[PDB]
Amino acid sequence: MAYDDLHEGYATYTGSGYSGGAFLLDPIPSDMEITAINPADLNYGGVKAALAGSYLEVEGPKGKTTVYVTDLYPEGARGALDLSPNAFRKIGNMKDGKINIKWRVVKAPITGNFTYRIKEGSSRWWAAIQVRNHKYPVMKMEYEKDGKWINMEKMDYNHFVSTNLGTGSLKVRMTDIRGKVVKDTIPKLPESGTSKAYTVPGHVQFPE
């Protein structure tokens, strides 16, 4: 109904998600509080991986904490989260196995601008571009070509994808879950698909 509405569900805990999570957000600091998220809640607004790299404030029987969303919780029911143990311990008893929670999307406790990650295989012909360090969920990414703004499809693996992106620097614009839009420019994509993924610095952030 609204993006920041309270969700009721359950949480278990897991050690997965620090490395190899579905949203390709590595490296994740080993002491970060993180979660995997069920697929229905993940795909808010009909955007795949809408909530990938979002932060959630999660309340359990013992208190509240904030977690970075790094992975899919496969087959997870609506409302359900698979927390890292450092997060789970803060809000419940690990000996219970599974606890009732209430959670909502919150502003990222971060500083600085976006960083972009260009997936391996990317070029001006086909590219997958991830936004990192974003204050709110990224719902939309578009790039400019011949004076037109082209919408990029967000994929399950938390990158936006297009083909035939054109030449020169890539002018992009990002829309958050509140509908705030920021514009940035990324250097030229390679002329042949890259063998390795790489990151490039961004210069903008969603407003407070």
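Numbering starts at 1 and runs along the sequence shown.
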| property | result |
| --- | --- |
| Relative C-alpha B-factor of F23, binned into the chain's lowest, middle or highest third | lowest |
| Assigned third (lowest, middle, highest) for the C-alpha B factor of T163 | lowest |
| Among modelled residues of the same chain, the CA temperature factor third for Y116 | middle |
| Third of the chain, ranked by Cα B-factor, where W103 sits | middle |
| Third of the chain, ranked by Cα B-factor, where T70 sits | lowest |
